[PDB]
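Here you get one chain, nothing else, as structure tokens; it is the form deposited in one PDB entry.
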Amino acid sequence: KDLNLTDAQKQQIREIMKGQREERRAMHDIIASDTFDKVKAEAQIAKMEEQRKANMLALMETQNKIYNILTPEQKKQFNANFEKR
């Protein structure tokens, strides 16, 4: 975040993120069994897609809201930074 954010911008950013706001045990059970059960692993993977979906949507909506409180200069810089991360 090397974009020279106005202090009104960071306030806007805090409110954005705070408004953005288990499965690992099943993964462990799959890895640590005597045999690899492919159908059971397919079902775990499919269940992980529901959480991935919710997390990607949150991430992308958050970053879209940040981008749109930016000036044309800050946007250009954000986009260059995106290309190199």
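Whichever C-alpha set is largest while still superposing within 1.5 Å between the two forms counts as the rigid core. Only residues modelled in both forms are compared. Numbering starts at 1 and follows the sequence shown.
Unmodelled residues of the deposited sequence between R21 and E22: 4 to 9.
The question of which stretch, 5 to 13 or 67 to 75, has the higher mean Cα B factor is settled in favour of 5 to 13. In this crystal structure, the stretch out of 22 to 30 and 44 to 52 whose C-alpha atoms carry the higher mean B factor is 22 to 30.
There is another form of the same protein, the form deposited in another entry; it is not shown, and what comes next is about it.
Annotation for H28: C-alpha shift of 2 angstroms or more between this form and the one not shown, rigid core superposed. When two forms of a protein are overlaid on their rigid core, residues whose CA moves 2 Å or more are considered shifted, and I45 is one of them between this form and the one not shown. Listed alone, the shifted run between this form and the one not shown is 22 to 47, counting only residues present in both forms whose C-alphas move 2 Å or more over at least three consecutive positions once the core is aligned.
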